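Below you will find one chain, with nothing else, as structure tokens; this is the form deposited in one PDB entry, and questions on how it binds or moves follow later.
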């Protein structure tokens, strides 16, 4: 159903690098230029205190909606990715259910400022203390550490494009019906990413990329903390959490 479900030549791999970088550029949610410009715009002590005084449920609802907005851009990225729309609907949903949160966790390093350990949230930069009302301090600290580690790699926009395409197209996800088609698309996207790193003298980042188990651990922690919150405020999740968020993380 697609050229990239079979062996691709060097010229086809070059074409794939460009296509992936284009798909990412058109769906990145926030502009890198905007994120860097806004670094000097930091929440005041008064503003941090205001977020800390919010109820646990109010903060969970806000963060669930921010995650859902980010995920909607990843769904559009997937739709634009060569070969993804040629996979069967079962497989597209398996790949998105397993990988959309992983892609958001990678993308968010762009919005993280390693100089002062702050993230861009609701118009300004704030530290992990902004999220204290959620009552999931280990998960927040793990997300900040993850962004800090990716920030140390000094990714270009094109490297994030290619690395996130590969995070999404993972033939090991349980539930894939057309596993061999996904394996070949993954192989070609791996070649595109590695070709780009070779061409730009950036192959040294490969040994520095986080292990898959790290992204899995973050996703598992998020689902675990959500289950704890849901037990405390079931009607908040039922009535006020976004439907897409529930489809991805609380089985509908």
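Only residues modelled in both forms are compared. The term rigid core refers to the maximal set of C-alpha atoms that superpose within 1.5 Å between the two forms. Numbering follows the first chain given and starts at 1.
Engineer: Mean CA B-factor: is it higher for 185-193 or for 43-51?
Structural biologist: In the deposited entry, the stretch with the higher C-alpha B-factor mean is 43-51.
Engineer: Averaging C-alpha B-factors over each stretch, which comes out higher, 98-106 or 111-119?
Structural biologist: Looking at the recorded C-alpha B-factors, 111-119 comes out higher on average.
Engineer: Which is it among 222, 62, 37, 216: the one with the largest CA B-factor in the entry?
Structural biologist: Spelled out: the listed residue with the top C-alpha B-factor is 37.
Engineer: Tell me, please, which of 136, 169, 152, 162 has the highest C-alpha B factor according to the deposited entry?
Structural biologist: Within the set 136, 169, 152, 162, 152 shows the top C-alpha B-factor.
Engineer: Once the chain's modelled residues are ordered by C-alpha B factor and cut into thirds, is residue 228 in the lowest, middle or highest one?
Structural biologist: Ranked within chain, residue 228 CA B lands in the middle tercile.
Engineer: Going by the entry, which third of its chain does the Cα temperature factor of residue 13 land in?
Structural biologist: Bottom third by C-alpha B-factor.
Engineer: Quick check for you: using the entry's CA B-factors within this chain, is residue 78 in the lowest, middle or highest third?
Structural biologist: Bottom third by C-alpha B-factor.
Engineer: Within this chain, which third does the Cα B-factor at residue 173 fall in: lowest, middle or highest?
Structural biologist: Lowest third.
Engineer: C-alpha B factor of residue 132, ranked within the chain: lowest, middle or highest third?
Structural biologist: According to the entry, residue 132 has a C-alpha B-factor in the chain's lowest third.
Not pictured, yet referred to below: the form deposited in another entry.
Engineer: Would the C-alpha of residue 226 be classed as shifted by 2 Å or more between the shown form and the other one after rigid-core alignment?
Structural biologist: It does shift by 2 Å or more.
Engineer: Answer yes if the Cα of residue 236 shifts by 2 angstroms or more between the shown form and the other one on a rigid-core superposition, and no otherwise.
Structural biologist: Result for residue 236: yes, a 2 Å-plus shift.
Engineer: Once you compare with this form, do the C-alpha atoms of residue 236 and residue 54 lie closer or farther in the other form, given a change of 3 Å or more?
Structural biologist: Farther apart in the other form, by 3 Å or more.
Engineer: Please say whether the CA atoms of residue 53 and residue 236 come closer or move farther apart in the other form, knowing the change relative to this form is 3 Å or more.
Structural biologist: Compared with the shown chain, residue 53-residue 236 is farther in the other form.
Engineer: Can you list the runs, three or more residues long, in which each C-alpha shifts by 2 Å or more between the shown form and the other one once everything is superposed on the core?
Structural biologist: When the rigid core is held fixed, residues 226-241 make up the only run that shifts.
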